[PDB]
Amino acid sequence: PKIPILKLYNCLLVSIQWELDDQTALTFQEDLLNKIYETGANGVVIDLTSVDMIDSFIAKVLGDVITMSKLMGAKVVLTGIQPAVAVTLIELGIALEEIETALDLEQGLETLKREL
């Protein structure tokens, strides 16, 4: 079940809306970077509003895809992190300081535009 990526002008929009799977997150990390490279988008906003909990594997995947996307030249934003997910990100801890984070998808896109 590939997770979709939306291209809106110069931004990539992602919304995860189900329990993530180790095998799925790896495909998502693989797919997002290709989409950045194929489209040359300036910014990505990843929505985890519908993600109840995550594992350490996903946490590392999520942290790496933020770091990798920035290297390819795209500023990244996370939105909708729930308390359960926030705890696991802190506990590894993949709460990278350079994580620009937002409360909601709209706000993240707003923050994304003002950064650029």
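The first residue of the sequence shown is number 1, and the count goes up from there.
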Residue range whose averaged C-alpha B-factor is higher in the record, 37 to 45 or 87 to 95: 87 to 95
Averaging the C-alpha B factors as listed in the entry, name the stretch that ends up higher: 102 to 110 or 19 to 27. 19 to 27
So, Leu8's CA B-factor, relative to its chain, sits in which third? The lowest
Once the chain's modelled residues are ordered by C-alpha B factor and cut into thirds, is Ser50 in the lowest, middle or highest one? highest
